[PDB]
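Examination of the molecular architecture
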Amino acid sequence: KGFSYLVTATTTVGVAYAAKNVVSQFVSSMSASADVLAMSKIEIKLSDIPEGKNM
Amino acid sequence: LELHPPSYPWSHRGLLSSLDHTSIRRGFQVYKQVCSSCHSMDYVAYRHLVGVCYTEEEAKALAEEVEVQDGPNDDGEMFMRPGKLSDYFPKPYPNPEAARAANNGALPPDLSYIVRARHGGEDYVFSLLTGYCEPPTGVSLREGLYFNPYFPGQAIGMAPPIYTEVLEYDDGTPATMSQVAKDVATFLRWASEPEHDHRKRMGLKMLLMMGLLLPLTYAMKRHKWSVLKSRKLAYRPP
Amino acid sequence: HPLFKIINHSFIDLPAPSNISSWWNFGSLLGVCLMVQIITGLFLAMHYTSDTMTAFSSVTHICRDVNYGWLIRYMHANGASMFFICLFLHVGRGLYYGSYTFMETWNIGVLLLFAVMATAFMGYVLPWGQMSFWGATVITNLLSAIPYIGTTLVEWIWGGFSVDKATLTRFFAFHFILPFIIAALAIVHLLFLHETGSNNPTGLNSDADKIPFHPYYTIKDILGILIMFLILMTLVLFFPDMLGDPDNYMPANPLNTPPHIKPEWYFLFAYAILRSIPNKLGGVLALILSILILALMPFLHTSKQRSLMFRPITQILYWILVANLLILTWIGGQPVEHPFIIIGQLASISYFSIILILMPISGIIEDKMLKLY
Amino acid sequence: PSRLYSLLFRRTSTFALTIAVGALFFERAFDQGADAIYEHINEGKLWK
Amino acid sequence: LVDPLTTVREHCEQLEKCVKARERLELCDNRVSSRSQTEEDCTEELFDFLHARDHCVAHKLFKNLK
Amino acid sequence: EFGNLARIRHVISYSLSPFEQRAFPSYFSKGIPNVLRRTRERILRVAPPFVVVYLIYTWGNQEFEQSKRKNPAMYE
Ligand code: HEC
Ligand code: HEM
Ligand code: HEM
């Protein structure tokens with residue numbers, strides 16, 4: 001029985017490994033892509049904002 | 001009727017052979033110094049390089065190398081900013097017409113997906129760039145043309161752009177016409193498929209996982225199906 | 001439990017024939033492929049934009065910056081190719097083993113085949129490449145065949161004088177909505193079959209030898225799913241562009257036309273037939289009949305044996321039919337010039353004569369050999 | 001080994017538990033191994 | 001700077017099979033030129049020679065290149 | 001459903017437990033002979049249509065090439 005149950009456990013793990021990965025890839029797809037990921041850039045000019053004005 | 005470019009033993013051709021990534025570096029240099037005057041790699045942005053053949057800060061350098069003016073300005077209709085990592089490669093001849101104007105009315109096709117868009121692209125590219133041989137007898141190309149046995153019709157407006165030692169490779173690898181055509185074919189290839197390397201790693205993991213999982217699932221099926229495959233039927237009329 | 005009643009009965013204890021070969025896996029594979037296509041299609045729809053302005057780019061962005069987006073796009077394309085491979089083998093199983101005598105199941109099948117071909121055509125139009133635009137125009141204009149009803153109808157689908165944004169957007173809507181109708185038609189397909197049960201390769205009444213489905217034809221379907229996944233991935237991750245066309249990687253230029261234009265592999269057999277008939281209308285009709293001849297198939301069965309396991313002459317005619325189907329697939333690819341044309345004309349004549357004439361006459365002869373006729 | 005069956009497979013939950021743990025570790029090994037194999041395969045042609 | 005290609009094309013042409021082909025083409029060339037009122041060109045002839053030369057180069061160019 | 005599928009009589013049916021039987025008994029022992037047995041019984045019905053498809057395909061290709069070949073008498 002062990003040998004047989006062994007085979008299945010092994011097969012199970014295999015499917016699991018691939019499963020986790022593909023799903024992860026897909027969920028990763030929905031995750032912000034690099035296109036929007038790059039947004040650190042910011043440009044500012046102090047003179048434009050006088051005391052008491054929000055920008 | 002067209003010459004069919006031969007098969008070259010491209011390194012990346014191997015099932016698990018990733019793109020050199022060292023060569024590409026050279027190839028781009030070739031695009032930046034020669035091919036960018038007429039062709040537009042519209043779908044490749046400086047950021048794309050990071051991770052392939054140029055490091056983050058390194059890419060930043062190149063990005064800044066060129067200048068990019070964006071119209072939105074508070075009062076101005078533009079503001080010029082040295083290219084940022086996000087900026088896409090600078091296309092010349094903003095309107096295609098510009099290109100046609102100067103290119104004898106021949107639009108330099110974006111070389112972004114040229115390798116993917118041309119049948120047997122990598123080969124074609126190499127062949128075309130290196131196929132600038134002598135026109136034969138009886139041929140009468142129109143004004144502003146050149147002779148390449150591969151190009152459809154053998155009449156490509158593009159003049160031969162790679163003269164031996166056209167540009168100097170920063171790596172110092174001799175800049176022979178060929179060494180330059182092979183590098184730009186690798187680069188254009190990379191351009192048309194930035195994921196070539198990542199994929200092949202996924203394919204290797206897929207082959208290992210299927211080689212593990214197919215005999216095990218076959219063994220489970222043959223377990224459950226052994227019962228029947230051993231069933232012995234006997235007819236015993238009374 | 002009401003649901004479990006439906007479940008166990010339909011998916012677990014469905015008395016199935018014990019001797020059905022691996023070919024009977026293929027239909028289940030088709031269902032899996034449908035789900036795979038739908039899932040991949042949904043993850044293409046979160047970033048694709050039907051605007052002719054951003055289509056090419058939308059797709060480029062899909063294969064360039066969308067995380068693993070190249071993986072989902074090429075899985076979608078090669079899964080459409082895998083869908084048509086499994087569809088052709090499913091139809092070939094139905095033709096070989098006499099499964100067309102389940103007439104309602106066969107007719108719901110040929111409706112599903114028409115819907116899948118329309119879905120794949122509009123999906124191939126969707127990336128808005130050079131090849132997509134000229135392909136759309138071409139067989140859309142095919143619809144321009146009908147004399148009084150055709151012309152207007154074409155521009156109606158084109159939504160304008162010529163395919164342009166108007167088309168792309170409605171083709172996106174129709175390509176989105178038809179696989180759910182395909183899923184509903186597949187549910188009707190499964191129903192019209194359980195009323196009669198599946199057939200076996202011997203073609204005999206398998207009521208004396210039926211086994212459950214859960215432990216016997218489930219692990220078999222799981223193994224077939226694993227093998228089909230091996231072939232798809234190894235056709236995406238290693239040979240991703242094998243089944244596609246290079247000219248689809250150029251943007252759609254209405255001013256230029258790809259010099260060598262061809263339908264994708266699966267639609268070629270039809271393409272050949274269309275090209276073969278000189279008359280435009282004739283071509284369109286023959287083309288349709290090409291698919292429809294199948295529906296007509298259950299009325300052409302003149303044999304007293306259901307399957308071709310014990311019928312060697314009709315086996316020879318069947319493999320000649322598969323042979324010239326492969327020939328018509330090749331011809332479609334070849335350009336218009338001698339002698340590709342003649343082969344196309346013959347191959348089409350031989351295809352229609354084998355399905356219409358030669359197989360019932362051969363079945364009559366086979367019944368005469370067994371002292372039955 | 002009977003021990004395996006008696007301890008790990010006998011209880012269905014353990015059967016799952018072992019699978020679960022195995023899965024948790026398989027990824028690590030397979031990933032790293034395949035990565036290196038790949039790395040070795042393309043030993044020189046990479047970004048480095 | 002000797003482009004490996006240059007050298008390879010030399011060896012490849014030196015291949016006899018290829019040699020014979022070139023001859024054929026030249027005949028065509030002169031024939032075409034000699035013929036006064038004609039339009040036939042040696043392009044097809046040129047094409048055939050190339051296929052062979054290129055194939056040969058294919059076998060020995062990549063390695064030569066670095 | 002099961003129980004009302006068919007009527008058989010006096011057909012005894014013996015079987016064994018999966019774990020009591022080897023997984024691929026004589027697999028390659030008889031598998032090869034059988035696969036070969038099978039291929040014989042079907043090769044003459046299957047193969048010659050695809051053989052003449054190969055001949056027609058090659059023929060077409062070569063014929064097409066010759067067709068593309070320039071008439072010697074052309075333009076002379
Ligand atoms: C200074 C000008 C110039 C340079 C340098 C140049 N090109 Fe071009 N190229 C053109 C023009 C003009 C066309 C349009 C020709 C046509 O469409 O017939 C063109 C068209 C092409 C085409 C389209 C061929 C086809 O199949 O339709 C390819 C491929 C191409 N170039 C590759 C390159 C490569 C590869 C390089 C360098 C590694 C390069 N070009 C450098 C001007 C240039
Ligand atoms: C409802 C489920 C589906 C959705 C949401 C969907 C969505 C899409 C989208 C957005 C595209 C454009 C991507 C692109 O081509 O670049 C596309 C392309 C495509 N779809 Fe679908 N699709 C679905 C089901 C199907 C099915 C069932 C088939 C097969 C019959 C199919 C075949 C195709 C094909 C062939 C393409 C073009 C691939 C290419 O670019 O060459 N799709 N799909
Ligand atoms: C993609 C669309 C289709 C799907 C998803 C589908 C699915 C299925 C499924 C799941 C079965 C159950 C038996 C089996 O799979 O072996 C089946 C049976 C059948 N299908 Fe299809 N089918 C499709 C298209 C067709 C077409 C186009 C035809 C006709 C050419 C057809 C003819 C049949 C027949 C005759 C059967 C009964 C075969 C038997 O069980 O013995 N199907 N189909």
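A chain's residues are numbered here from 1, following its sequence as written, a convention that may not match the entry; residues for which no coordinates exist are omitted. Both sets of labels track the order of writing: A upward for chains, 1 upward for ligands. What is displayed is a subset of a larger assembly, so the values quoted cover only the displayed chains. Side-chain figures throughout are based on the complete set of non-hydrogen atoms in the structure, without hydrogens or water.

This part is about the overall build of chain A. A count of helices and strands for chain A gives two helices and zero strands. The atom set for the radius of gyration is the C-alpha atoms, and the globule formula is 2.2 Å times the number of residues raised to the power 0.38. A compact globule built from 55 residues should have a C-alpha radius of gyration of about 10 Å, whereas chain A, at 26 Å, is more than 25% larger. On the principal axes, the C-alpha backbone points of chain A span a range of 80 × 20 × 10 Å. Expressed as a percentage of its 55 residues, the buried residues of chain A come to 22%. Numbered from the N terminus, helices here are DSSP runs of H or I no shorter than four residues, and strands are runs of E no shorter than two. The buried label applies to any residue whose accessible area, calculated with a 1.4 Å probe on protein chains only, is under 20% of its type's maximum; exposed applies above 50%, and partly exposed to all values in between.

Turning next to the interface of chain C and chain A. Listed as interface residues are 13 residues of chain C and, on the opposing side, ten residues of chain A. Buried area adds together the accessible area that both of two parts lose upon being put together, with accessible area traced by a 1.4 Å probe. At the boundary of chain C with chain A, total buried surface from both sides reaches about 960 Å², with 69% on carbon and sulfur atoms. For chain C, the biggest contributors to the area lost against chain A are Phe 43, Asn 67 and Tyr 68 of chain C; these three give 45% of the whole. When a carboxyl oxygen of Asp or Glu lies within 4 Å of a side-chain nitrogen of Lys or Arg, that pair is called a salt bridge. The tally of links between chain C and chain A comes to zero salt bridges. Any pair of nitrogen or oxygen atoms within 3.5 Å is treated as a polar contact; in protein, a donor-acceptor pairing is required on top of that, and neighbouring residues in sequence qualify only through side-chain atoms on both sides. The tally of links between chain C and chain A comes to five residue pairs in polar contact. In what follows, a contact means two residues having at least one pair of non-hydrogen atoms within 4.5 Å.

A few words on the side chain of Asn 148 of chain B. Residue and element names in this part refer to chain B. With respect to the secondary-structure elements, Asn 148 resides in the loop between helix 6 (121-129) and helix 7 (177-192). For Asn 148, the side chain forms a polar contact with the main-chain oxygen of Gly 131, separated by 3.1 Å. Reaching out from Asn 148, the side chain makes a polar contact with the backbone nitrogen of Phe 151 at a distance of 3.1 Å. When neighbours within four sequence positions are excluded, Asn 148 is seen to be in contact with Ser 127, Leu 128, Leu 129, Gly 131, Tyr 132, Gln 154 and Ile 156.

All names here are of chain E. In this description, the term disulfide denotes a pair of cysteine sulfurs within 2.5 Å. Counted according to the given criterion, the structure contains two disulfides over all chains. Paired through a disulfide, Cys 12 and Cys 56 show a sulfur-sulfur distance of 2.0 Å. Disulfide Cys 12 to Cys 56: torsion about the S-S bond roughly -95 degrees, handedness left-handed. With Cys 12 in helix 1 (residues 4-14) and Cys 56 in helix 3 (residues 43-64), this residue pair connects regions lying 44 residues apart in the sequence. Accessibility assignment for this pair places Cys 12 and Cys 56 in one class, buried. Across the disulfide, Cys 28 is cross-linked to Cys 42 (sulfur-sulfur distance 2.0 Å).

Spanning 30 residues, helix 8 (residues 165-194) of chain C covers 44 Å between terminal C-alpha atoms, matching the ideal 44 Å at 1.5 Å per step. Those residues of helix 8 of chain C that are buried lie in contact with helix 2 (26-45), helix 3 (55-64), helix 4 (69-96), helix 5 (103-125) and helix 7 (150-158) of chain C. The span you would expect from a helix comes to 1.5 Å times its residue count less one.

Take the coordination of the iron atom of ligand 1 next. Residue and element names in this part refer to chain B. Note that water is not among the atoms used; donors are N, O and S atoms within 2.8 Å of the metal (3.2 Å for Na, K and Ca), so sites may look incomplete. Within the protein, the atoms that donate to the iron atom of ligand 1 are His 39 (NE2) and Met 158 (SD), at distances of 2.0 to 2.3 Å. By the criteria applied here, four donors are tetrahedral when all angles lie between 85 and 135 degrees, four are square planar and six octahedral when opposite donors are over 155 degrees apart and every other angle lies between 65 and 115, and any other arrangement is irregular. If you look at the iron atom of ligand 1, its six donor atoms make angles of 78 to 179 degrees with each other, and the shape they trace is octahedral. Pair noted here: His 39 is in the loop between helix 1 (23-33) and helix 2 (46-49) and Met 158 is in the loop between helix 6 and helix 7, with a separation of 119 residues, a long-range link.

Here we take up the UniProt feature "transmembrane region" in chain B. UniProt positions are given in the numbering used here, feature names are shortened, and annotations may be inferred rather than shown by experiment. UniProt tags residues 202-222 of chain B as "transmembrane region". Counting secondary structure, residues 202-222 of chain B comes out at 100% helix and 0% strand; the distance between its end C-alpha atoms is 29 Å.

Residue and element names in this part refer to chain C. Listed as protein donors to the iron atom of ligand 3 are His 90 (NE2) and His 189 (NE2); their distances from the metal cover 2.1 to 2.2 Å. For the iron atom of ligand 3, the six donor atoms in the first shell make angles of 81 to 177 degrees at the metal, a pattern classed as octahedral. Here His 189 lies in helix 8 and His 90 lies in helix 4, a separation of 99 residues in the sequence. Residue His 189 is classed as buried on the basis of its relative accessible area of 17%.

Take the nonpolar core next. What we call a nonpolar core is a set of buried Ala, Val, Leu, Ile, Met, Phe, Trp, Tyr and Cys residues that are connected through their side-chain atoms within 4.5 Å. Counting residues in each nonpolar core, the largest one holds 141 residues, and the members touching the most others are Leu 237 and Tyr 351 of chain C. Per element, the largest residue contribution to this core is 13 residues, and it comes from helix 8 (residues 196-230) of chain B. Among residues more than four places away in sequence, those in contact with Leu 237 of chain C are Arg 199, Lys 200, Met 202, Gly 203 and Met 206 of chain B together with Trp 70 and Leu 71 of chain C. If you look at the next biggest cluster of nonpolar residues, it comprises 65 residues, including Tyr 31, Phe 89, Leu 128 and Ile 156 of chain B.

Right, let's get into the arrangement of the chains. When the ten pairs of chains in contact are ranked by number of contacts, first place goes to chains B and C. The two units chain C and chain D never meet; even their closest C-alpha atoms stay 14 Å apart. At their nearest point, the C-alpha atoms of chain A and chain E are still 34 Å apart, with no contact between the two.

Residue and element names in this part refer to chain C. Nearness is judged by heavy atoms alone; a residue qualifies as near a molecule or strand once a single heavy atom is within 4 Å of it. The local shell around ligand 3 holds 18 residues, among which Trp 24, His 90, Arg 93, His 189 and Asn 199 are the closest. Between a nitrogen atom of ligand 3 and a side-chain N or O atom of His 90, the distance comes to 2.8 Å. For ligand 3, an oxygen atom lies 2.8 Å from a polar atom in the side chain of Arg 93. With five residues, the top contributor of residues to the shell around ligand 3 is helix 4. For the shell around ligand 3, the per-class residue count stands at nine nonpolar, eight polar and one charged. Just so you know the grouping, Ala, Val, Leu, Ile, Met, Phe, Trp, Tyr, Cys and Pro go in nonpolar, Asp, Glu, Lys and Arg go in charged, and all remaining residues, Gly too, go in polar.

Time to look at a nonpolar patch on the surface. The residues that make up patches have over 30% relative accessible area and no salt bridge, and they are joined within 9 Å when like-charged or within 5 Å when they are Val, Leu, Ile, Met, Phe, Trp or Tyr. The protein chains shown are the only cover counted for residues, whose accessible areas, like all others here, come from Shrake-Rupley with a 1.4 Å probe. Together, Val 23, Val 27 and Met 30 of chain A together with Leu 42, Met 46, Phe 174, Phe 176, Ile 177, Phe 180 and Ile 181 of chain C make up an exposed nonpolar region whose accessible area comes to about 890 Å². When contributions to the nonpolar patch are tallied by element, the ones reaching two or more residues are helix 1 (2-30) of chain A together with helix 8 of chain C. At five residues, helix 8 of chain C tops the list of elements feeding residues into the nonpolar patch. Relative to the assigned elements, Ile 181 of chain C resides in helix 8.

Before going further, it helps to spend a moment on the site of ligand 2. All names here are of chain C. As a matter of local geometry, ligand 2 sits amid 21 residues, with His 76, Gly 123, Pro 127, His 175 and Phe 176 nearest to it. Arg 73 is positioned such that a nitrogen or oxygen atom in its side chain is 3.3 Å from an oxygen atom of ligand 2. Taking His 76, its side chain carries an N or O atom lying 2.6 Å from a nitrogen atom of ligand 2. Within the residue set of the shell around ligand 2, elements represented by two or more residues are helix 2, helix 4, helix 5 and helix 8. When its residues are assigned to classes, the shell around ligand 2 shows 15 nonpolar, five polar and one charged.

Of the residues lining the interface, 38 residues belong to chain C; the matching set on chain B comes to 39 residues. Across the chain C/chain B interface, buried area totals approximately 3300 Å², and carbon plus sulfur atoms make up 68% of it. For the interface between chain C and chain B, the tally reads three salt bridges. Linking chain C to chain B there are twelve residue pairs in polar contact.

Going through the model one piece at a time under the given rule, you end up with 34 salt bridges over all chains. Taking the shortest distance from any N to any O, the salt bridge between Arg 26 of chain B and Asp 171 of chain B comes out at 3.6 Å. One end of the pair, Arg 26 of chain B, is in helix 1; the other, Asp 171 of chain B, is in the loop between helix 6 and helix 7, with 145 residues separating them in the sequence. For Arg 26 of chain B, a relative accessible area of 8% gives the class buried. Note on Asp 171 of chain B: relative accessible area 39%, which makes it partly exposed. In this structure, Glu 193 of chain B engages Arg 116 of chain B in a salt bridge whose closest nitrogen and oxygen atoms are separated by 3.3 Å. With a gap of 77 residues between them, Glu 193 of chain B in the loop between helix 7 and helix 8 and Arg 116 of chain B in helix 5 (residues 114-117) connect regions that are remote in the sequence. We note that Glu 193 of chain B, like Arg 116 of chain B, is buried. Connected through salt bridges with shared partners, the residues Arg 116, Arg 189, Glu 193, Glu 195 and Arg 199 of chain B together with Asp 241 of chain C form a single ionic network.

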